[PDB]
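**Q** Sharing a structure with you now.
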Amino acid sequence: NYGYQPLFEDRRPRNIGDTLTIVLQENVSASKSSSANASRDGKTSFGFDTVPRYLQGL
Amino acid sequence: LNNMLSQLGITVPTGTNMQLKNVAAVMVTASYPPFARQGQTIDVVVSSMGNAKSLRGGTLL
């Protein structure tokens, strides 16, 4: 003799020892990224090609 | 209906055609009386719950 069993309810596991099907469908995906940058240029110049006489002292 | 048939000992294959006409799904409501003892009897109300036309001569399972 087994216990009371419902009629219209689905067959769910209810006690220790009942079986149940697992459908393994796992799909995980993670990601990350980053960056950084910096820059600097400089260029100076000056040239007195032909100096007049009254400025030759400087 | 498939759950009941399976419980009784008949397993209908899944994904098959099944169109009935003499069956209706109902909600049953009742009033638990004071000091009720096991074995006694009460009165129930039966109400249809989807697209049924009539419950004229039906039997509640």
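Residues are named by chain letter and number: chains run A, B, ... in the order of the structure tokens, numbers start at 1 in each chain, and ligands are numbered from 1 in the order shown.
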Could you list, as a ChimeraX atom specification, the residues of chain A having an atom within 8 Å of chain B when counting only C-alpha atoms?
**A** /A:7-11
**Q** Taking the DSSP secondary structure from the backbone, can you list the residues of chain B that are alpha helix (DSSP H), as a PyMOL selection string?
**A** chain B and resi 2-8
**Q** Write out as a PyMOL selection string each polymer residue whose atoms come within 10 Å of residue 49 of chain B, counting only C-alpha atoms; drop sequence neighbours fewer than 2 positions from it.
**A** chain B and resi 24-27+46-47+51-52
**Q** Take the residues just selected and output them with N, CA and C atoms as a compact mmCIF listing (two decimals), in the first residue's frame.
**A**
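Saved result, result_5.txt, follows:
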```txt
# COMPACT_ATOMS: atom_id res chain seq x y z
N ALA B 24 -15.08 19.04 -19.12
CA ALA B 24 -14.93 20.44 -18.76
C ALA B 24 -14.09 20.55 -17.49
N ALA B 25 -13.29 21.60 -17.41
CA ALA B 25 -12.47 21.88 -16.25
C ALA B 25 -13.22 22.83 -15.33
N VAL B 26 -13.31 22.48 -14.05
CA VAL B 26 -14.16 23.21 -13.12
C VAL B 26 -13.42 23.52 -11.83
N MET B 27 -13.87 24.57 -11.17
CA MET B 27 -13.47 24.90 -9.82
C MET B 27 -14.58 24.49 -8.86
N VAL B 46 -20.02 23.84 -8.08
CA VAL B 46 -19.13 23.54 -9.20
C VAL B 46 -19.30 24.63 -10.24
N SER B 47 -18.19 25.17 -10.73
CA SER B 47 -18.25 26.30 -11.66
C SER B 47 -17.26 26.09 -12.80
N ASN B 51 -14.37 28.44 -21.52
CA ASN B 51 -15.11 28.25 -22.78
C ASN B 51 -15.99 27.01 -22.85
N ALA B 52 -16.68 26.67 -21.77
CA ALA B 52 -17.63 25.56 -21.81
C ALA B 52 -19.04 26.11 -22.00
```
**Q** Measuring atom to atom with only C-alpha atoms, identify which of B:11, B:42, B:48, B:16 is nearest to residue 28 of chain B.
**A** B:48
